[PDB]
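Take a look at this single chain, the form deposited in one PDB entry, given in structure tokens.
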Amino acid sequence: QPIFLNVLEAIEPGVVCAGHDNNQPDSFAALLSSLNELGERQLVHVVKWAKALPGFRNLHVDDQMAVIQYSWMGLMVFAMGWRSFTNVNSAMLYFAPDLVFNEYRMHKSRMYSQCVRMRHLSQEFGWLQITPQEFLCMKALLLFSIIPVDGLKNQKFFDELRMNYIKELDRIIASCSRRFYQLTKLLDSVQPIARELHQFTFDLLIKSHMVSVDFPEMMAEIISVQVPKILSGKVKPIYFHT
């Protein structure tokens, strides 16, 4: 109904295929290379989504790219959890229409423990009865949920932007106080999942040539330049709850 939800609903990216050959057997190299390629493809959509968000041009240009390059993992995981919930009721991880992870592929990817936590996130959309509007509002907040400890180039504009995206989530929610507690808690729970994936993908990139896993260009750069800033503690998530 407001101008805010109109925009989020209008800019929400469509379907993104991974390009996975489902005829080949489920090897560690094949699954991860297809996930990597899906990441490269989704990263193009996340950029164009982010730039079309209300007030996103208020940020400094370096801060615009920085906030995208830090928050992409959590954003994509959260959207994937939503796809998994809506399509297959959180039974499998719906990374893309041509890349759906069953229990076997959770195991063959050597990421079973991480896939379990992502499936658990997907089940929370069902357990908490999250609406599409709450999903979109929450997802938009995740873009503004990880920053350098030293701060951004223009920190005031980020703070003002983050404040307003919190306000919009509180609005579309509305002893209802428990709701906001729960949604903030669910948003916080994305961050530990994203950190495990940051560690996994970083380790995988280092050893990629040995295990024949293919990393595309933007993924290789971001995982080698931006992700280690997060893993070294220079860049950290903004939690709601301590």
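Residues carry their position along the shown sequence, with the first being 1.
Where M210 is followed by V211 in the displayed chain, the model omits none of the deposited residues that would sit between the two. With 66 to 74 and 25 to 33 compared on mean CA B-factor from the PDB entry, the stretch scoring higher is 25 to 33.
Two stretches are in play, 114 to 122 and 75 to 83, and the higher mean C-alpha B-factor belongs to 114 to 122. Comparing C-alpha B-factors across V190, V44, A52, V61 in the deposited entry, the largest value falls on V61. Among the modelled residues of its chain, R105 has a C-alpha B-factor that falls in the middle third according to the deposited record. In the deposited entry, the Cα temperature factor of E40 sits in the bottom third of values across the chain's modelled residues.
The PDB entry assigns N154 a C-alpha temperature factor belonging to the highest third of its chain's modelled residues. Ranked within its chain, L5 lands in the highest third, by CA B factor from the PDB record. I173: CA B factor lies in the highest third for its chain, per the PDB record.
This next part talks about the form solved in complex with a small molecule, which is not shown.
Residue contact check for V47: one or more of its heavy atoms lie within 4.5 Å of the small molecule in the deposited complex. The small molecule is not shown here, but in the deposited complex it comes within 4.5 Å of a heavy atom of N58. Under a 4.5 angstroms non-hydrogen atom cutoff, the small molecule in the deposited complex has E160 among its neighbouring residues. With a 4.5 Å cutoff on heavy atoms, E134 does not count as touching the small molecule in the deposited complex; it lies far away. When contacts are defined as a non-hydrogen atom within 4.5 Å, none of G19, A30 and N102 contacts the small molecule in the deposited complex.
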